[PDB]
């Protein structure tokens, strides 16, 4: 009966068992269960999947099969009546830099990725889905409600393909459909180095023995390195401007060019590896390429861990932080470090932190050129605006001096994402991330809002007035009840995100509980955690506690004026101090003693 069994598409890997380095796949982290938290296995189920047919059909598939006696609302109707807003005045977060939003996307991309099924290649099925809006198999299109302005302009539907699932990726009947996590569950910089050998080697410089990561040979940022291009076709970064013909970037994660500020962040992280690999050589000229790579990799993975757990999670979770992520008490090998299916939705609170524009700023933190500020939607899959228009430095200044959007019950998701999203294969800046999120909840068999409230030991509202008391909002609760008819049926992404934020944080109680658990588990369940005794030397760890996002920018750009605390709102030159002030990474404790 014990289904430890199923998992056909995985090349079972032997473990070295006393190696000082993480694998690329994340395999061999846990000794008793070596697959635990490895890429290309099922997302963990904190609660049983919920499907129309108990097995695989998403709720809403059959237009006649109620959920608890009620029809589920169209995702695009929920989007339009709740998530959407016109007025970008008053929407900005007075105490979060745009870097707060950006770091979130980075950590999300380190932890999880459930890609679309690849069944449709050399087929018209993707076309027949998009072209004809015909629900079938892995085609689950987002249909427009009547009165939707997109009806008049785009067609009857937005296209949507169900996420990949384990064992068979085609045939019928499994305990329940389980979607894949294609990256490593550990906070291990997999987004820089890859989660597969195949890509991890292609990423590396294997012409020389300095342990360097490949760099662009076509283009340079004032002598500073760019990510190598991705010479695969069709390139969506080419598609968005066929005259510039600047391809998408190649990184450890396939998503690195989805928007110019994520591509930017990816560029900071690569340089930091190269900068480390050449410093390690300096001190230890006797070291080979492999040793340099792995030893640079290991520093960077520690860096992301510290920035995330010390700087980021306290200003997400606020008052709830200590309650879910109590201070570190060493490696526990009985902790599941796997990313849960519900986490990959919980973390999409990020979508309401994305504001409608991006600025480029000069060395005086003033407007860079006559189109310094641009709409978010023109920067999907846009690498040319980096190559042909100032390098990363003017964009890294905008991440310091501009603001994240604040979540708002009346202003959830900017139209730049809710109406104008571009997706690689489809042709138009005409999609809805909110609608996508909701269809995806259903596709993944997500339990409803009260199941999750129940799971987190929170009250479970059954009426309008219960829902009003929890949401502290009569109109939002009303619109929700009008759409869902019972709070039991509310899709967890919007249910969770409707909740007012906890003191000193940027999520409500339900999210703080779901996020809190997951981040506690990936820290506690990780054999290679930086503070885990025996991973670093006690001296290396005093050197490590001094890292800052301030310093990473200083070391890896030509910017000399930084805030101390890069995630809080910071204004220039008041909150901006010189780079010689911040603190460095002393790499002396990595000095190799031959004797």
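Positions refer to the first chain, counted from 1.
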property: Selected stretch [higher average CA B-factor]: 472-480 or 287-295; result: 287-295
property: Mean C-alpha temperature factor, higher of 31-39 and 538-546; result: 538-546
property: Candidate residues 223, 84, 73, 509, the one whose C-alpha B factor the record puts highest; result: 223
property: Residue with maximal Cα B-factor (values as given in the PDB entry) among 422, 345, 172, 144; result: 172
property: Relative C-alpha B-factor of residue 239, binned into the chain's lowest, middle or highest third; result: middle
property: Residue 64 CA temperature factor, ranked by third within the chain; result: highest
property: For residue 264, the third of its chain into which the C-alpha B factor falls; result: lowest
property: Position of residue 191 among the chain's modelled residues by C-alpha B-factor, lowest, middle or highest third; result: middle
property: Entry-reported Cα temperature factor of residue 553, expressed as the chain third it lands in; result: middle
